[PDB]
Amino acid sequence: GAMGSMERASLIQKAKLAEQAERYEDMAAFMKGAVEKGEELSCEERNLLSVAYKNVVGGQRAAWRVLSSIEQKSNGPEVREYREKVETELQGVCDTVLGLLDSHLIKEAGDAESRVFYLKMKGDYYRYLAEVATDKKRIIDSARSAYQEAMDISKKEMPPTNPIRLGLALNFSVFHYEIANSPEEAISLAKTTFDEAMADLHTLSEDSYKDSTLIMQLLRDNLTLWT
Amino acid sequence: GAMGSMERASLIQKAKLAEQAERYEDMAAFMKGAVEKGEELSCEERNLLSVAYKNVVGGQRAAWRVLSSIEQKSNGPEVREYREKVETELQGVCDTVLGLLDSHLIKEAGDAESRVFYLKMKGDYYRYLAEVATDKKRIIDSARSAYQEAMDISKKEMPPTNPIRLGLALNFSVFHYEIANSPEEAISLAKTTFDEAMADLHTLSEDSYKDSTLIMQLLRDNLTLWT
Amino acid sequence: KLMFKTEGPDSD
Amino acid sequence: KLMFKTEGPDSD
Ligand SMILES: N=C(N)c1ccc(-c2ccccc2)s1
Ligand SMILES: N=C(N)c1ccc(-c2ccccc2)s1
Ligand SMILES: [Ca+2]
Ligand SMILES: [Ca+2]
Ligand SMILES: [Mg+2]
Ligand SMILES: [Mg+2]
Ligand SMILES: [Mg+2]
Ligand SMILES: [Mg+2]
């Protein structure tokens, strides 16, 4: 790509600068270029990749929902055309991230912390595709499959307070609630995840305790809205 | 351009949708395409053009300042390279807007409300160029020249409460303060503008009064920081 | 749409 | 940088 001539270390340094400048499209392009160097990513670098694309796709999702809402109220071609333009761009960003995971981040990820991180991402980006899908069943099953593999590994290999495990369960619970139309599964998962984390907090340092309880508060926030 | 095949009315409708979706790069591209149809713009359409590009260049200015600050603290090539990348993109957006004004918005603008609007924009986009310039004297003079022509017309043709006249004087006062290094001129202009508007408020409807006093509060905010 | 809490930047 | 008030969207 356009980043082929830049050093890996320079792409990572510029991803960090772009984050400070709130230049998330640049941050994502620099991190795509770092991934395409073909070396595995460190924990910090995986987090830069995820923050970059989460910010980009989050702008697109927010724009898509505004346009879809206008379109639904309206029922000329312009609202549909413009919602389709934003949808196509969102789908492209999802396919780009899914392409990086499949070529070749997941297959080289052997540690639980990396493997679960990337499989969680794969579920998340299929979930974003599912949000705009009307193909839809197969997209939902792809999200479910990725989340389930990440959950199976996380349960075997990580303590229940592990923030990656917690963030996975959070996102899988929202998948259940509003993509799979399984609100009871969503509530059961969020409750079991919170309760098993609560019981392991005694094992943590002050800093690990802060990281785990921040995500546990997100599970509680959802449970409050769902019950 | 890429908007050559879309109806003018469709570009304007989609600029309005893009604004609702906070898609300002799309809003600016749709408004550039509307301008390139070659018809004069209405008051509403001039405001869509200005809001779109103001939002785009504002992200770039904010990013440039973050990077310049890091660069100045740092004194490898990466901070300078990335600040230059963002600077070049900002310069391109300024040249695009200046190109629309010169081809051919200003020369066809005969009414004071349109003519002063576009000349104010020309001053503003030369001011954004001046903020990153290190050529700099000629860029400053271009901004000054555009602002002065807009001020001369506004003083002859518009009441002192006219919001376009007020916004012009506000921006010209900030030009003086921090681009021309003329803080006394900045303060004199902001004070005279506020006082002459104050004395004309009695002539306004409730709605016109709200529009004028909103901008007068910006002149006061600057005067509070400058004195 | 009411959006539920998901992991990481609340960027939407 | 302390930015002063200018016209329109405070987008920076
Ligand atoms: N938004 C960001 N720049 C980061 C998130 C997480 C980071 C991390 C740093 C050291 C070790 C493991 C993760 S950096
Ligand atoms: N941000 C926006 N969409 C607008 C600003 C000013 C507008 C206007 C509307 C009717 C007449 C004159 C101006 S629309
Ligand atoms: Ca379109
Ligand atoms: Ca660069
Ligand atoms: Mg579609
Ligand atoms: Mg330069
Ligand atoms: Mg959200
Ligand atoms: Mg500002």
# chains A, B, ... in the order shown; residues from 1 in each chain; ligands from 1
$ calpha_fit_and_write --fixed "chain C" --moving "chain D" --output "short mmCIF file (atom, residue, chain, number, x, y, z; two decimals) with C-alpha atoms, in the first residue's frame"
data_model
loop_
_atom_site.label_atom_id
_atom_site.label_comp_id
_atom_site.auth_asym_id
_atom_site.auth_seq_id
_atom_site.Cartn_x
_atom_site.Cartn_y
_atom_site.Cartn_z
CA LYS D 1 -31.32 4.45 18.45
CA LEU D 2 -30.55 3.65 22.12
CA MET D 3 -26.96 2.21 21.81
CA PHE D 4 -25.83 -0.21 24.61
CA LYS D 5 -22.29 -0.11 26.15
CA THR D 6 -19.65 -1.86 24.15
CA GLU D 7 -15.96 -2.05 24.69
CA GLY D 8 -13.49 0.76 23.89
CA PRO D 9 -14.00 4.26 22.38
CA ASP D 10 -17.68 5.38 22.38
CA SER D 11 -16.97 6.92 18.93
CA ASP D 12 -20.58 6.64 17.57
#
$ residues_near_ligand --ligand "ligand 1" --cutoff "10 Å" --atoms "only C-alpha atoms and all ligand atoms" --output "list in words"
residues 15, 16, 17, 18, 19, 20, 42, 43, 44, 45, 46, 47, 48, 49, 50, 51 and 52 of chain A; 8 and 9 of chain C
$ write_last_selection --atoms "C-alpha atoms" --output "PDB file, in the first residue's frame"
ATOM      1  CA  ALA A  15      -0.225   6.235  14.674  1.00  0.00           C
ATOM      2  CA  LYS A  16       0.486   7.581  18.225  1.00  0.00           C
ATOM      3  CA  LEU A  17       0.818  11.186  16.928  1.00  0.00           C
ATOM      4  CA  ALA A  18      -2.417  10.802  14.868  1.00  0.00           C
ATOM      5  CA  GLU A  19      -4.243   9.596  18.028  1.00  0.00           C
ATOM      6  CA  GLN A  20      -3.031  12.760  19.898  1.00  0.00           C
ATOM      7  CA  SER A  42       2.585  -6.179  20.534  1.00  0.00           C
ATOM      8  CA  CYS A  43      -0.219  -5.568  23.108  1.00  0.00           C
ATOM      9  CA  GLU A  44       0.193  -1.757  22.708  1.00  0.00           C
ATOM     10  CA  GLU A  45       0.162  -2.065  18.869  1.00  0.00           C
ATOM     11  CA  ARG A  46      -3.014  -4.259  18.921  1.00  0.00           C
ATOM     12  CA  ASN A  47      -4.649  -1.561  21.057  1.00  0.00           C
ATOM     13  CA  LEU A  48      -3.560   1.184  18.572  1.00  0.00           C
ATOM     14  CA  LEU A  49      -5.057  -0.861  15.685  1.00  0.00           C
ATOM     15  CA  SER A  50      -8.349  -1.377  17.540  1.00  0.00           C
ATOM     16  CA  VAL A  51      -8.695   2.280  18.787  1.00  0.00           C
ATOM     17  CA  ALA A  52      -7.996   3.602  15.255  1.00  0.00           C
TER      18      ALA A  52
ATOM     19  CA  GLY C   8     -13.491   0.764  23.893  1.00  0.00           C
ATOM     20  CA  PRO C   9     -13.996   4.255  22.383  1.00  0.00           C
TER      21      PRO C   9
END
$ interface_residues --of "chain A" --to "chain C" --cutoff "7 Å" --atoms "only C-alpha atoms" --output "ChimeraX atom specification"
/A:51,54-55,58-59,61-62,167,170-171,174,218,222
$ interface_residues --of "chain A" --to "chain B" --cutoff "12 Å" --atoms "only C-alpha atoms" --output "ChimeraX atom specification"
/A:6-24,26-27,30,56,58-71,76-83,85-86,89
$ write_last_selection --atoms "N, CA and C atoms" --output "tab-separated table (two decimals), in the first residue's frame"
chain	number	residue	atom	x	y	z
A	6	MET	N	7.36	3.18	4.25
A	6	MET	CA	7.65	3.72	5.58
A	6	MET	C	8.08	2.61	6.55
A	7	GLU	N	9.08	2.89	7.36
A	7	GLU	CA	9.51	1.95	8.44
A	7	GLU	C	8.32	1.57	9.33
A	8	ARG	N	8.28	0.32	9.77
A	8	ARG	CA	7.31	-0.12	10.80
A	8	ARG	C	7.36	0.82	12.01
A	9	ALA	N	8.54	1.12	12.57
A	9	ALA	CA	8.61	1.89	13.82
A	9	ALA	C	8.05	3.30	13.57
A	10	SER	N	8.31	3.86	12.39
A	10	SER	CA	7.79	5.20	11.98
A	10	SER	C	6.26	5.19	11.85
A	11	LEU	N	5.68	4.14	11.28
A	11	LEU	CA	4.20	4.00	11.18
A	11	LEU	C	3.60	3.98	12.60
A	12	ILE	N	4.21	3.24	13.53
A	12	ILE	CA	3.69	3.14	14.92
A	12	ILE	C	3.81	4.50	15.60
A	13	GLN	N	4.97	5.15	15.44
A	13	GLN	CA	5.16	6.50	16.04
A	13	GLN	C	4.07	7.44	15.49
A	14	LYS	N	3.85	7.44	14.18
A	14	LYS	CA	2.84	8.34	13.56
A	14	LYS	C	1.41	7.93	13.94
A	15	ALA	N	1.10	6.65	14.15
A	15	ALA	CA	-0.22	6.23	14.67
A	15	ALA	C	-0.45	6.93	16.03
A	16	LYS	N	0.59	6.98	16.87
A	16	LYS	CA	0.49	7.58	18.23
A	16	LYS	C	0.29	9.08	18.09
A	17	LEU	N	0.99	9.73	17.17
A	17	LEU	CA	0.82	11.19	16.93
A	17	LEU	C	-0.61	11.45	16.43
A	18	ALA	N	-1.08	10.64	15.48
A	18	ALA	CA	-2.42	10.80	14.87
A	18	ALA	C	-3.46	10.68	15.96
A	19	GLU	N	-3.33	9.71	16.87
A	19	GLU	CA	-4.24	9.60	18.03
A	19	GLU	C	-4.26	10.92	18.82
A	20	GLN	N	-3.10	11.50	19.11
A	20	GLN	CA	-3.03	12.76	19.90
A	20	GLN	C	-3.73	13.90	19.15
A	21	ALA	N	-3.67	13.90	17.82
A	21	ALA	CA	-4.25	14.92	16.94
A	21	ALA	C	-5.71	14.60	16.61
A	22	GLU	N	-6.26	13.50	17.12
A	22	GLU	CA	-7.65	13.05	16.81
A	22	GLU	C	-7.82	12.88	15.29
A	23	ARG	N	-6.79	12.39	14.63
A	23	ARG	CA	-6.75	12.08	13.18
A	23	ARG	C	-6.92	10.57	12.99
A	24	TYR	N	-8.13	10.05	13.21
A	24	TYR	CA	-8.28	8.58	13.35
A	24	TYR	C	-8.18	7.90	12.00
A	26	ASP	N	-6.13	8.79	9.59
A	26	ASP	CA	-4.66	8.64	9.46
A	26	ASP	C	-4.15	7.54	10.43
A	27	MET	N	-4.63	7.51	11.66
A	27	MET	CA	-4.15	6.53	12.66
A	27	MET	C	-4.40	5.11	12.11
A	30	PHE	N	-2.02	4.23	9.16
A	30	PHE	CA	-0.64	3.96	9.66
A	30	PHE	C	-0.63	2.55	10.29
A	56	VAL	N	-12.92	5.23	13.56
A	56	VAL	CA	-13.36	5.45	12.16
A	56	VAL	C	-14.77	4.86	11.97
A	58	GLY	N	-16.93	4.10	14.14
A	58	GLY	CA	-17.93	4.73	15.02
A	58	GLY	C	-18.51	5.99	14.39
A	59	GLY	N	-17.71	6.81	13.72
A	59	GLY	CA	-18.25	7.96	12.97
A	59	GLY	C	-19.25	7.49	11.90
A	60	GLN	N	-18.91	6.43	11.19
A	60	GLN	CA	-19.73	5.91	10.07
A	60	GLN	C	-21.04	5.35	10.66
A	61	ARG	N	-20.97	4.60	11.75
A	61	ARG	CA	-22.19	4.01	12.34
A	61	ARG	C	-23.13	5.14	12.78
A	62	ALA	N	-22.59	6.17	13.40
A	62	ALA	CA	-23.38	7.29	13.91
A	62	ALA	C	-24.04	7.96	12.71
A	63	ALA	N	-23.28	8.21	11.64
A	63	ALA	CA	-23.83	8.84	10.41
A	63	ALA	C	-24.89	7.94	9.79
A	64	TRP	N	-24.62	6.64	9.67
A	64	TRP	CA	-25.59	5.68	9.09
A	64	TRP	C	-26.91	5.74	9.86
A	65	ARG	N	-26.88	5.77	11.18
A	65	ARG	CA	-28.12	5.72	11.97
A	65	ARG	C	-28.95	6.99	11.75
A	66	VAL	N	-28.30	8.13	11.68
A	66	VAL	CA	-28.97	9.44	11.41
A	66	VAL	C	-29.68	9.32	10.06
A	67	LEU	N	-28.99	8.83	9.03
A	67	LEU	CA	-29.53	8.76	7.64
A	67	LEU	C	-30.65	7.73	7.57
A	68	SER	N	-30.46	6.56	8.19
A	68	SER	CA	-31.48	5.48	8.19
A	68	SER	C	-32.77	6.00	8.84
A	69	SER	N	-32.62	6.76	9.90
A	69	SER	CA	-33.77	7.33	10.65
A	69	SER	C	-34.53	8.28	9.73
A	70	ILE	N	-33.80	9.16	9.05
A	70	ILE	CA	-34.43	10.12	8.10
A	70	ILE	C	-35.14	9.31	7.01
A	71	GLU	N	-34.47	8.28	6.51
A	71	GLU	CA	-34.98	7.45	5.39
A	71	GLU	C	-36.29	6.80	5.85
A	76	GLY	N	-37.90	11.83	-3.43
A	76	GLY	CA	-36.79	11.55	-4.37
A	76	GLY	C	-35.79	10.55	-3.82
A	77	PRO	N	-34.80	10.13	-4.62
A	77	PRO	CA	-33.91	9.04	-4.24
A	77	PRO	C	-32.74	9.45	-3.31
A	78	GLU	N	-32.61	10.73	-3.00
A	78	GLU	CA	-31.35	11.28	-2.44
A	78	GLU	C	-31.06	10.72	-1.04
A	79	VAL	N	-32.06	10.60	-0.16
A	79	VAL	CA	-31.83	10.06	1.21
A	79	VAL	C	-31.31	8.62	1.09
A	80	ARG	N	-31.99	7.77	0.33
A	80	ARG	CA	-31.55	6.37	0.10
A	80	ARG	C	-30.14	6.34	-0.51
A	81	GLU	N	-29.88	7.16	-1.53
A	81	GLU	CA	-28.58	7.17	-2.22
A	81	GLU	C	-27.48	7.51	-1.21
A	82	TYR	N	-27.73	8.50	-0.35
A	82	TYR	CA	-26.67	9.01	0.55
A	82	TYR	C	-26.49	8.00	1.70
A	83	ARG	N	-27.59	7.42	2.18
A	83	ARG	CA	-27.47	6.36	3.22
A	83	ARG	C	-26.68	5.18	2.65
A	85	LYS	N	-24.39	5.35	0.29
A	85	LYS	CA	-22.98	5.79	0.11
A	85	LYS	C	-22.24	5.58	1.44
A	86	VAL	N	-22.85	6.03	2.53
A	86	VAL	CA	-22.23	5.90	3.88
A	86	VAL	C	-22.17	4.41	4.25
A	89	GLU	N	-19.24	2.72	2.45
A	89	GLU	CA	-17.95	3.13	3.07
A	89	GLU	C	-17.74	2.35	4.38
$ select_by_dssp --residues "chain B" --states "helix (DSSP H, G or I)" --output "PyMOL selection string"
chain B and resi 8-20+24-35+43-74+78-108+112-132+136-157+163-179+183-198+201-203+206-226
$ residues_near_ligand --ligand "ligand 5" --cutoff "9 Å" --atoms "only C-alpha atoms and all ligand atoms" --output "count of residues only"
10
